[PDB]
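Laid out below as structure tokens are two forms of one and the same protein chain, each shown alone and named structure 1 and structure 2.
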Structure 1
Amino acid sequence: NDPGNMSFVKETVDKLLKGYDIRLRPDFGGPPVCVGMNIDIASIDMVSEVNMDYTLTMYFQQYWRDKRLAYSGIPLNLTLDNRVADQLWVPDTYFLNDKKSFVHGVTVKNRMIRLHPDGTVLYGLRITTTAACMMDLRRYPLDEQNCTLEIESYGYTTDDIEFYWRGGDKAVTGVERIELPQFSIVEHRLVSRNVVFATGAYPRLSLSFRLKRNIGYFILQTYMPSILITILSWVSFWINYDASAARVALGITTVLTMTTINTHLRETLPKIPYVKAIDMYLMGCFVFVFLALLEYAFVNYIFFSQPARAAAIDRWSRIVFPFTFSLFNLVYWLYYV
């Protein structure tokens, strides 16, 4: 009778679970059971291009109605121990594009079961999942990616289970609180549909983020060293042509440094066959430094018979190379921005 009478609550719960068959979904053989889902995104741990996946930690909450769990006489919502979730029926929800996921289990399994007088069940889990995200790196590092989390029922079709976002556009919360050092979340979308396979139509939910990559790290890491190496190559134009060792050493060092930068950058990323934007910039810088070395080679070749022509070539290169490099940078940064 009294809500505080734990004996009465125990009797009510035992009556609820007596004869309860966990093998049967609510309203088995009848209308599909509607499961409304919410996500509270705690954080996005990392976004990996090498593995083409991102790690996501969230509170995943499911909401459905089981008339077998309807109780009367207790005007309270029963928050039960998570272990009771083993004695109930729960949807076979799984993430379609994940690779490794787990439910946290310290100190207890991170699980919540709440029953309502009308038979409504709220079932919450804390899930850290590494979801696969194929990425198009043709504009890297100035690229924008779209990473999705796909939620689907495993065994039951749309004739047995239906999904919806509980709350419309506000079902997924906490996106604005995500701190990604390298990315900024431009937008997120919720999609609900049905996907047909050989075994029938299955409900599907999709939580998609659009990530815009920050460029400051790559400016500090790759572009500035390339510009500095190109200017270092230009330095040889003010050295006298008789100093063969000095200018040849400058050319060799700049060329080898550009090649090492390019190879190291490519080794950092996964083995993709196409050419990226940063690869184009590095190849342009390599062309510039190699042309500077070839210019000195020409000057050394012709400076014995025609010293005036060699001096003129050096003097003209001193102006041509910075101007042409400025034009190359201008067109490059206009194309990719």
Structure 2
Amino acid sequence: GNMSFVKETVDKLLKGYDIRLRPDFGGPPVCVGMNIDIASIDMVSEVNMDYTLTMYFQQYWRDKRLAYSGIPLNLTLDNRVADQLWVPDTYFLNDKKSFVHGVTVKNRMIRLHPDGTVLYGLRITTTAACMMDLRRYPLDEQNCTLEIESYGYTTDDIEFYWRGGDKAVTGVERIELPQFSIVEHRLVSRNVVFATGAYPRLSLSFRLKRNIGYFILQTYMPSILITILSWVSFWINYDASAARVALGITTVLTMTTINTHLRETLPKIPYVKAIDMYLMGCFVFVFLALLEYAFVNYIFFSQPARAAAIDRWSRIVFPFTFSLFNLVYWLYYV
């Protein structure tokens, strides 16, 4: 009620405070409990092999130098006072670019409790690196992790734990990913040994399953239809050389344009993927159809009966071979 008394108490708390020394310096490690409230997952980039994530990151510890008595309330202080306290050197092991939002003020919260407990919250947009195995793309399932670690203090100076157990991370169910669906999320706590000692480590893992409907409608169906159109030339009479030659070579041209424009639209991932295998299979099928017609045209004059036999065998074989190829592809990648 008396603002002067509160100011006196806060000044007494910050008088003689040393920000260069951790709580219980030279004593037991200070336990820091962390919770994450995930606001959104902005994007998942395969080209950059990373993902953007916005979250409310809250740390909870206890500095007895900040214990105050006579005020039966929790002091929610201005965020600028965070520049005058000790805060954990928490960082994100696999991030590439992170920042704290600073509009209208720096998105930061300091709340002190009578027993010296400090709650310290930030709003962070971090671009965390996520190595992806795109061999089964676009039927792939990825696993992206956020790693949280102390930078300077070892496990003899600091310890990390998830505050609230498995309920430490919230907001996962509200994440809207246009292309993925979050199958599961896991929380792990452990210690990692490096040349400078043992460091606490927290891990938050998401498992994402890609949605395939867009690719099915826009990447496979045109190729299937072009392959069927390539088959069409089998029923065309072989006397009309121009018609069948034009049909085959134009199907080849359409397949090439489809492949090039899909490769332009699809992310630039320099190795073999499932969709690339399917496109190569379709291209090989149309190439074989054109080559078969060329052979039929060449051997037609010598023996037209054998030409007709080869034509009907192609009619009965090419759809069957393509059905087998599709069955193998959709059973190997599913």
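Structure 1's sequence is the ruler for residue numbers, which start at 1. Just so we're on the same page, rigid core means the largest C-alpha set that superposes within 1.5 Å between forms.
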### Hinge split between the two structures, rigid part shared by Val9 and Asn146
yes
### Summary
The number of degrees by which the smaller rigid part pivots relative to the larger between the two structures is 13
### Message
Could you tell me the distance the CA of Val195 travels between the two structures after a rigid core superposition, in angstrom?
### Response
0.3
### Message
So with the rigid core superposed, the C-alpha of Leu269 shifts by how many Å between the two structures?
### Response
5.3
#### Entry: Core-referenced Cα shift (Å), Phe298, between the two structures
1.5
